[PDB]
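> Following this: a sequence and the matching experimental structure.
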Amino acid sequence: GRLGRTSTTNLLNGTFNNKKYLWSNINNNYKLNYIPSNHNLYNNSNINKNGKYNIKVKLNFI
Amino acid sequence: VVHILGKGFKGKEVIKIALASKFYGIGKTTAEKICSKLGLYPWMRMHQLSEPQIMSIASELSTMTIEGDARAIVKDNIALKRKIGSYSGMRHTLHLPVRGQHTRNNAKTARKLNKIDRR
Amino acid sequence: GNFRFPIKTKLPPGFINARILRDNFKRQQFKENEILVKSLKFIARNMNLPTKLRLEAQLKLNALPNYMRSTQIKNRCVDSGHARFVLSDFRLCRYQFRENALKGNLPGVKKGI
Amino acid sequence: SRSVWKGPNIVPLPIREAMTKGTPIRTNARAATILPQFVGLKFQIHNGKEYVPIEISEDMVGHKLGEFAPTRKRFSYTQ
Amino acid sequence: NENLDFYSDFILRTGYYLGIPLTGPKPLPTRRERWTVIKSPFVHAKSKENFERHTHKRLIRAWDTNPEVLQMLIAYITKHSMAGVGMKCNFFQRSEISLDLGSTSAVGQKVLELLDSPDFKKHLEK
Amino acid sequence: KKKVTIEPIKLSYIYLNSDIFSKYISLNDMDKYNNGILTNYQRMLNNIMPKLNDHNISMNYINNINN
Amino acid sequence: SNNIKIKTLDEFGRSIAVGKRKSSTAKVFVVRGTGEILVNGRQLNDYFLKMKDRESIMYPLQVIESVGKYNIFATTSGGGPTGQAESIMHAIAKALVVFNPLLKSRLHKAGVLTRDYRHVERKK
Amino acid sequence: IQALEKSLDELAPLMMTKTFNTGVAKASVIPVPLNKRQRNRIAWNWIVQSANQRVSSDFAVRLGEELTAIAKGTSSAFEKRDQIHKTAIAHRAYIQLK
Amino acid sequence: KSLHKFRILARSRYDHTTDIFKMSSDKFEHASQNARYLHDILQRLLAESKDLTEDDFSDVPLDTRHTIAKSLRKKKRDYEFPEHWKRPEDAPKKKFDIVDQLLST
Amino acid sequence: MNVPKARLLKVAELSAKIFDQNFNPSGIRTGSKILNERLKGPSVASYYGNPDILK
RNA sequence: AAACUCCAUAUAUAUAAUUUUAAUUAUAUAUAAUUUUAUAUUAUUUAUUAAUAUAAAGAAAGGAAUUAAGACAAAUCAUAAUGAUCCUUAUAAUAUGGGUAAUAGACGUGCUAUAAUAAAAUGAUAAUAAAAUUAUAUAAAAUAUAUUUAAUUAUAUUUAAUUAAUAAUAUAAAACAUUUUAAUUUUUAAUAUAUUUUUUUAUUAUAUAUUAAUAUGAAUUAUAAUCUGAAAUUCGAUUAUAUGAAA
Ligand SMILES: [K+]
Ligand SMILES: [K+]
Ligand SMILES: [K+]
Ligand SMILES: [K+]
Ligand SMILES: [K+]
Ligand SMILES: [K+]
Ligand SMILES: [Mg+2]
Ligand SMILES: [Mg+2]
Ligand SMILES: [Mg+2]
Ligand SMILES: [Mg+2]
Ligand SMILES: [Mg+2]
Ligand SMILES: [Mg+2]
Ligand SMILES: [Mg+2]
Ligand SMILES: [Mg+2]
Ligand SMILES: [Mg+2]
Ligand SMILES: [Mg+2]
Ligand SMILES: [Mg+2]
Ligand SMILES: [Mg+2]
Ligand SMILES: [Mg+2]
């Protein structure tokens, strides 16, 4: 968003996979048939002087 | 060639089909009733008909509204629409579709046939 | 002080816009007058009754306000108000259906095969 | 085409005043069915913008008022 | 299916202690509902996303039980129900042909009222 | 038209739930990223958790299951 | 351990096998006989009008040269004539192995013991 | 059936010259060998075209008559084969052989 | 005679194949009300069927056209394996296992 | 089909009486359908949700 | 990222008192392949190898989902939401009617057709499916009319069962068999004839026009009736009789 043109900044740190499914017969499941189970993603937007800006966070719990 | 009321027919033509093809106002159902009334068997052909039977067909055809009489009824119904000033009458006068068809495209047949003096 | 519709109506609990308000008003008045319209329609379509009574019912039916007409109810998206491509299984437009479906808001909806 | 068994599309109109006074009946009810009583009376029928004056004849009974008040202008191209 | 199967297993345990012969859970055909959407909000009707919903079904049958005990089963399993599970119960009561004491529409009323109103009575006059 | 209960559950960190984490940043950390992402703000968002070795943790879990 | 138990003839000497092709399914009863066939209680020429469908049913018996050595009572449902005829073909081949397991290799080589996987695919 | 296969084996051309757009210059007409499935297609299409000149309303009758004439030696499609083989003999040097 | 009149008056509610007379009602708002309503109709139908003083409808044959239409919409697997095809002499014969025979004593 | 129509009409009338059904042998349009249709008002009027929500 | 996976397929176990029956099924769990093995040949970087063929074993042959970056400041402010700017008795709100359906030319995408490897009828102990739908319903059988013995098709009357593995929408259709089919004198008919008889042959009649539109085609249009709705005029759907264009 706008924090006169929108700009996007991305912070990435850590693991975005699960190795419990590769080395073992345990099998991964997709939540809602499109989201991996380990991954939990949510987006929240707010309004500033310029306007709407979105915060997109994704956590990987294994 | 068999001549009934001016119309010419090839000998092999089936009577019930030929009558509904050359005579305005007579369709399949009407042609079958005429043949049933005159004692002609369903698939009798024109070359089989005798002169007494050809005259019987002309008699039954002359007691119906066909040819000019039938065409005049359609021409008079269309004229009445124009006389009363109905929307449909104007469409006939302008050579445009009269049954709600779109005109942005197509509408070619209505341009050739729609007219107050419709054939 | 000046309600836009002839009869006072309660507001829908969620998203509101002028078109939703107009549609909701028609829905409430259709329910209040549904029996009346069916009774008049019966009298007008019952061939056992005299023609005069039948024509009187038809005249009364033609004089009812537009907000009593069942055919004027239009399904709209309860989240956006959009009245095109509204799925009746969720009362949402296609776009809001997709957004809600991916957020896990629709009880049993998942992504297809 | 309305089913004949249902009867005419009767709409509230001021016909009594037009029969005792001769005044024109201004109406927007283009769906209204021209009843045999209307014959002789003068109607002003809305076409969306204006009210077209039309007197009803015996060949107009059964038709509808809207049929005599065209709503569009004849098409023309800038040839 | 997961909560459905777990809850079905619990019902069988409740019935056993109540003395109810139970059969099942018999799996019934799963219903699939499908919706196809266009991914874009405005145009681009060439890329379409698919969505679906599956209704899982199970049938548990009860036999040779008195009505009172059957109501206790339904009451208990209702009190301890699981999230997202629905339940329909068809009860079958065998009865005698002849019983003792046994086992007007709104529109019609309004029609009578309307046909008595002056706007209608003024015509019915013969 | 049914009995209703509400169970609030308290989370002590904001990075244990993706929904709570997004709302906090969006609504409370605006003064940190409204003029670009502060060099300190980003650093805090990178030292939240020690960098656990996912492979040994994954293999420890699989050994426990086998045992 | 394994989950496979030797197949054997039933109390009436019948080998029962199931076959599938497209949406069709077939359950056949093969017994030693003189070449009599019944499809859903009807004569083969009645149920299957196409001679190519009849030839497909006979092919497994033609491979082991035992066309006149068995009576077949085939029951089929679903799909159309081709799916049902080939589903019966597949089921007869699977039921003939019980009578002589030494002929499985010849049946496999002829291609009658392989289940055809092709089915109507929703365009993607 | 034996008559049909003999007719197809005698009517189909063994080779056919094809134009290859090799190079910006004019394409080269090089003789190419034909397999048995490709040979049968060429001969069958000739038979069908000859059959469709006959009087019967039924294609089966016209096809039957055409096949009977071909099995008895008379066919107008043997000229087509000779003209395809003449062209190939002319372009024998255009062959590549590697 | 009364059974025949009962079946004639039931019309589509009687299935001759199964002999079941089934009638359902959801006209009223409460199940108890609807149960009485069906019970009352049953008593009325039984009284009319058992009153053969005026008409017994014996000349009128039972009409099953409704049942036939229902049967055409379902699939009928009414074929059984021919009995003269059975070969009981080809069934496997139980073998003698000394261990099982010895483990039972 | 050979059963006289009079006999089949007597059965239809008596059957209709027992089962509280409308017997219209002539076939005149009576409007009975209108009187039997279900009222959809309550379902239609709840489309947008319950208005008595806490605000 | 690949994959792991889920789906399909094959098999096993469990469940169903096999009348909610499709047990030839339903759906939970688990297994299976990214196939394996030997053999000869041909190349090699010749080795603990590839490309082929060959025999053997096996049901084993197909799919899916998602993203990593960047570009078009490509589409959307008309799905909804935000800043700025503008309207505030009007650029906001409601009602009636009209328009969005106009028609010279042009363009995109479809449907139907221009006849004989192809169209039309008929096929009742009812040839043969799958996947869906039915409480803001799905509508059986029957009867009546069009309409004729009946069937078929359409509508009305009536509203059985089922809110559903139960009943209904709904006897799938093509296929296949028989009959018919203009152009076509390749036909039909009258006599005679036959060891082709649903047919052959002979002699007569069977048209003229004709590069052409028929018993192909179904646009256009007249009239009557029906369906939904409060309402079918601009501007809806269906049926019957008649009309029968281009191709
Ligand atoms: K004609
Ligand atoms: K138009
Ligand atoms: K166009
Ligand atoms: K309009
Ligand atoms: K054709
Ligand atoms: K109209
Ligand atoms: Mg609507
Ligand atoms: Mg009922
Ligand atoms: Mg039927
Ligand atoms: Mg059913
Ligand atoms: Mg069964
Ligand atoms: Mg438009
Ligand atoms: Mg046609
Ligand atoms: Mg059948
Ligand atoms: Mg019916
Ligand atoms: Mg059939
Ligand atoms: Mg057909
Ligand atoms: Mg035609
Ligand atoms: Mg032409």
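Nice, thanks for sending it over. Numbers count the residues shown, from 1 in each chain, chains lettered A, B, ... in the order given. Ligands and ions are numbered 1, 2, ... in the order given.
> only C-alpha atoms for contact and neighbour calcs from this point on.
OK.
> Tell me how many other residues crowd residue 5.
Let's take chain A. Residue A:5 sits with 7 neighbouring residues when counted by other C-alpha atoms under 10 Å in any protein chain shown.
> Chain I is the one I meant
Neighbour count for residue I:5, taken as other C-alpha under 10 Å: 24.
> How much space separates it from residue I:62?
According to C-alpha to C-alpha, to the nearest Å, residue I:5 stands 9 Å off from residue I:62.
> host element of residue E:58?
Here residue E:58, judged by DSSP states H and E, is contained in strand E:48-62.
> wait, does that strand contact RNA strand K?
Yes. Using C-alpha under 7 Å from any atom of the strand as the criterion, contacts between strand E:48-62 and RNA strand K involve E:56-57, E:59-61.
> helix or strand right after that strand?
helix E:67-79.
> What helices and strands are in contact with that following helix?
Packing partners of helix E:67-79 (3 or more C-alpha pairs under 8 Å, 6 or more residues apart in numbering or on different chains; DSSP states H and E): helix E:2-18.
> Partner strands of the next helix-or-strand element following the helix it packs on, with direction?
Scanning forward in sequence from helix E:2-18 by DSSP H and E, the next helix or strand is strand E:22-38. Sheet pairing of strand E:22-38 (DSSP bridges) gives strand E:48-62 (antiparallel).
> Let's see the strand it pairs with as PDB, backbone CA atoms only.
Extracted in PDB, the C-alpha atoms of strand E:48-62 (Å, rounded to 0.1, in the frame of the first residue of the first chain):
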ATOM      1  CA  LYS E  48     -12.700 -20.500 -13.500                       C
ATOM      2  CA  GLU E  49     -12.100 -21.800 -10.000                       C
ATOM      3  CA  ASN E  50     -13.900 -24.900  -8.600                       C
ATOM      4  CA  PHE E  51     -15.400 -25.300  -5.200                       C
ATOM      5  CA  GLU E  52     -17.200 -28.300  -3.600                       C
ATOM      6  CA  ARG E  53     -18.900 -29.500  -0.400                       C
ATOM      7  CA  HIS E  54     -19.300 -33.100   0.600                       C
ATOM      8  CA  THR E  55     -22.200 -34.300   2.900                       C
ATOM      9  CA  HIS E  56     -21.100 -37.400   4.800                       C
ATOM     10  CA  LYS E  57     -23.900 -39.700   6.000                       C
ATOM     11  CA  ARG E  58     -24.300 -42.500   8.500                       C
ATOM     12  CA  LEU E  59     -27.300 -44.600   9.400                       C
ATOM     13  CA  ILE E  60     -27.600 -46.300  12.800                       C
ATOM     14  CA  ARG E  61     -30.700 -48.500  13.300                       C
ATOM     15  CA  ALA E  62     -32.300 -49.500  16.500                       C
END
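> Need the residues that contact that strand.
C:108-113, E:1, E:4, E:8, E:20-39 (C-alpha atoms under 8 Å, 6 or more residues apart in numbering or on different chains).
> distance between it and the chain's centre?
Relative to its chain's centre, strand E:48-62 lies at 15 Å (C-alpha atoms, centre = their mean, to the nearest Å).
> How about that strand, which residues are buried there?
Residues of strand E:48-62 classed as buried: E:51-53, E:56-58 (neighbour count, 16 or more other C-alpha atoms under 10 Å in any protein chain shown).
> Run through the helices of chain D in chain order.
Assigned by DSSP state H, chain D shows helices spanning D:15-20.
> which ones are touching the residue nearest to the spatial centre of chain F?
Geometric centre of chain F, nearest residue: residue F:15, 1.8 Å, by C-alpha atoms, centre = their mean. If you count contacts by C-alpha under 8 Å, 6+ apart, residue F:15 has them with residue F:21.
> show me which of the contacts of strand E:48-62 neighbour RNA strand K.
C:113, E:1, E:22-34.
> Restricted to buried residues, select those residues in PyMOL.
Those of those that count as buried under 16+ other C-alpha under 10 Å are selected in PyMOL with:
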select buried, chain E and resi 22+25
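> Greatest separation within the ones next to RNA strand K among the contacts of strand E:48-62: which pair is it?
Pairwise distances across those peak at 36.1 Å for C:113 and E:22 (criterion: C-alpha to C-alpha).
> What segments of chain A are strands?
All strands of chain A, identified by DSSP state E, fall at A:30-31, A:35-36, A:39-47, A:52-60.
> near RNA strand K, anything from the last one?
Which is strand A:52-60. Yes. Legend: contact between strand A:52-60 and RNA strand K by C-alpha under 7 Å from any atom of the strand is shown at residue A:52.
> Starting from that strand, tell me which strands it pairs with and how they run.
Assessed with DSSP bridges, strand A:52-60 is paired to strand A:39-47 (antiparallel).
> repeat for the first one
According to DSSP bridges, the neighbouring strands of strand A:30-31, each with its direction, are strand A:35-36 (antiparallel).
> who touches the strand it pairs with?
The contact list for strand A:35-36 (C-alpha under 8 Å, 6+ apart) reads A:28-30.
> Can you tell me how far residue J:37 is from chain G?
39 Å (C-alpha to the nearest C-alpha, to the nearest Å).
> distance between stretch E:97-111 and the chain's centre?
Here the centre of stretch E:97-111 is set off from its chain's centre by 24 Å, with C-alpha atoms, centre = their mean.
> anything in the strand or helix carrying residue I:34 near chain J?
Taking DSSP H and E as the criterion, the element that holds residue I:34 is helix I:31-49. Yes. Against chain J, helix I:31-49 shows contacts by C-alpha under 8 Å from any C-alpha of the partner chain at I:41, I:44-45.
> circling back to that earlier point, for the strands of chain A, which one ends up most surrounded?
Among the strands of chain A, ranked by average contacts under mean count of other C-alpha atoms under 10 Å in any protein chain shown, first place goes to strand A:52-60 (a mean of 18).
> contacts for that strand?
With contact meaning C-alpha under 8 Å, 6+ apart, strand A:52-60 is reached by A:1-3, A:15-17, A:38-47, F:18, F:21-23, F:25-26.
> so which of those residues are also by RNA strand K?
Filtering the contacts of strand A:52-60 for proximity to RNA strand K by C-alpha under 7 Å from any atom of the strand leaves residue A:47.
> Of the contacts of strand A:52-60, which are in range of ligand 2?
Filtering the contacts of strand A:52-60 for proximity to ligand 2 by C-alpha under 5 Å from the ion leaves nothing.
> who touches residue H:13 in this structure?
So residue H:13 contacts H:34, H:39, H:42-43, H:81, H:84-85 (C-alpha under 8 Å, 6+ apart).
> Is it part of a helix or strand, or is it coil?
coil (DSSP: H, G, I helix; E, B strand; the rest coil).
> Sketch out the strands for chain G, chain order is fine.
Under DSSP E, chain G gives strands at G:15-21, G:24-32, G:37-39, G:70-77.
> need these in JSON lines with mean neighbour count and distance to chain E, can you?
Listed next are the strands of chain G as JSON lines, based on neighbours: other C-alpha atoms under 10 Å in any protein chain shown; distance: least, C-alpha to the nearest C-alpha, whole Å:
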{"stretch": "strand G:15-21", "mean neighbour count": "23", "distance to chain E": "20"}
{"stretch": "strand G:24-32", "mean neighbour count": "23", "distance to chain E": "18"}
{"stretch": "strand G:37-39", "mean neighbour count": "21", "distance to chain E": "28"}
{"stretch": "strand G:70-77", "mean neighbour count": "22", "distance to chain E": "18"}
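> and residue D:46, how many neighbours?
21.
> Contacts only, for it.
D:26-30, D:52, D:66, D:69.
> hmm, try it at 10 Å
Contacts for residue D:46 (C-alpha atoms under 10 Å, 6 or more residues apart in numbering or on different chains) come out as D:26-30, D:52-53, D:65-66, D:68-71.
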